[PDB]
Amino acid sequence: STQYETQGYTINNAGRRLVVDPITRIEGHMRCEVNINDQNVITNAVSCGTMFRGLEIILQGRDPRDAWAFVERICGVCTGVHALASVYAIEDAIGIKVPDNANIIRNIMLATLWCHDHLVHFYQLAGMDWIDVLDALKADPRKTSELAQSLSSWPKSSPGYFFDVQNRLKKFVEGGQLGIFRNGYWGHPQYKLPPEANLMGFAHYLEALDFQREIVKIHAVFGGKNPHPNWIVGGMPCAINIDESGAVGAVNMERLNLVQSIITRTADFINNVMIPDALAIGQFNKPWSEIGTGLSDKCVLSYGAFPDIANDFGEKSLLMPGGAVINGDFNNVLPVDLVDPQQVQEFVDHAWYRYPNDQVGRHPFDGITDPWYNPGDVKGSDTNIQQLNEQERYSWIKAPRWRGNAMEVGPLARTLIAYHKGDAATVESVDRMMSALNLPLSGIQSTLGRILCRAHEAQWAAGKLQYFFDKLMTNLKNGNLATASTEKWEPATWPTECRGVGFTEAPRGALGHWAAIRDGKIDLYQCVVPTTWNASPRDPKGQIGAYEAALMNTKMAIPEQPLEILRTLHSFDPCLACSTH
């Protein structure tokens, strides 16, 4: 066994080992191992991405105009965000400026994604860590009605409704086919909701499962389909025609009316169902405002997103702030430059890749993706792993760092960055949220806080959706219809050699695509994705990533039942296909 100190933690792999493989209720493939001491406290945490596809390799030699479609398939949960980053990157390389409506529609696609993805995460992915679904069978329907009506104006709250929901659940389990609820952690002492709150949450799980399908109709209008809508280098292919022959063949007033209807419904569902449920989980699980802090009180990172001034990715344009905090100095939000070789670097000394020197980090324009499956001295064999060896290579995920620092990305990170830059709307939302729970502001730096921030952000994005839609309509009223720039569509117009960066804030955090074009083809295409940051393995100094740090020092009630591990991991909304690509 070994012990060492990093980032204020004591990493100690003596003592009992626990393995959780698969992690469920995530996108894709993850394995987690911990060591726990006699006091059932985690003293070591190991984050392992258990899948790899090699998009960075597949993209070589492709036409840059096609790249978005390949990289979109990095992930069908955060569907669209890689296409956005791709078109941004290729535009940045070639020197293309898109017309305003294309930028606005891209922003609509991103906000839509934030709304949908956050909603599904809350209910379908994280929800069952907080809601005891079987306990809902013990609730009183009237008391459930009274609880819901005390929290929200949402219409669907009658005692009869809760009775019908409860009876559906009762019938479902009566046959002994518990499906997705089978062998769950029900009754675990960390489930703290009363029965009425469980029934309310379960009802809302079902309502959210239904409703989420509507949100993506916005993607279908502008992007053809969801999952995996379509895009173009130069703007968007969804040509607009409001008042001319053949509008039936384009984005017309009827199509725009459909979009508006979905926006209003989306805001309503988020504000009246998800937001009160997030606060209710907070009210019953206040101790989780002090669990899973990890790097969130030390190092957090946002690139920023939603350029409101078309083709301007600077601080005056991005509606979602960018910046970095290190060393817990939230008074120094530092500027991020994705071209600076000294900022974003990836290490692979603890990952299954080959570098010329695995003791140094490589900026993505110098990135290398040369897969090397070498788990070294595992307990077991190459093809039957009982325990990874975290002293050597243990993941398909590369280890990104920012100026050498290990960073947390995602909703909490963004909220912190915007809060400390003095964004009025963020400051008010955070202050009011934590006031409502009678918690200190520091309580957002936590597993509970990650969930609260995500719910916040769904509300923020639903508001921005309307803002962007109104901007589009303003342009149309002014006769500004353009959706594409095509003067540099043809490869012969491109520089023989050029490179670009496309960046945004995906639902899970900071996303970058670095692309080099040479001789009309993709010469290099390197992705660093939010879950790459959060689920990162160690670096040459032994510094731990966000998941490892958040899991450190966690109490477990029952070692064999990883409820606390799942709560913290799920709070980051892991996307493993994203992390590995």
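Numbers for residues come from their place in the sequence shown, where the first is 1. Each form is matched to the other, and the largest set of C-alpha atoms that superpose within 1.5 Å is called the rigid core.
Using the rigid core as the fitting frame, the root mean square C-alpha deviation in 5 other deposited structures of this protein is greater for 371-379 than for the other of 371-379 and 218-226. A summary of the deposited B-factors shows that, of 379-387 and 195-203, the stretch with the larger mean C-alpha value is 379-387.
When the C-alpha B-factors of 112-120 and 291-299 are averaged, 291-299 comes out higher. In this structure the maximum Cα B-factor among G410, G223, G323, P227 is found at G323. The residue among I215, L151, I270, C238 whose C-alpha carries the highest B-factor in the deposited model is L151. When all modelled residues of the chain are sorted by CA temperature factor, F211 is found within the lowest third.
Per the deposited record, the Cα B-factor of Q526 falls in the middle third when ranked against the other modelled residues of its chain. In the PDB entry, a CA B factor belonging to the middle third of its chain's modelled residues is recorded for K97.
Residue-level temperature factors show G127 in the lowest third of its chain, judged at the C-alpha atom. In the deposited entry, the Cα temperature factor of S158 sits in the middle third of values across the chain's modelled residues.
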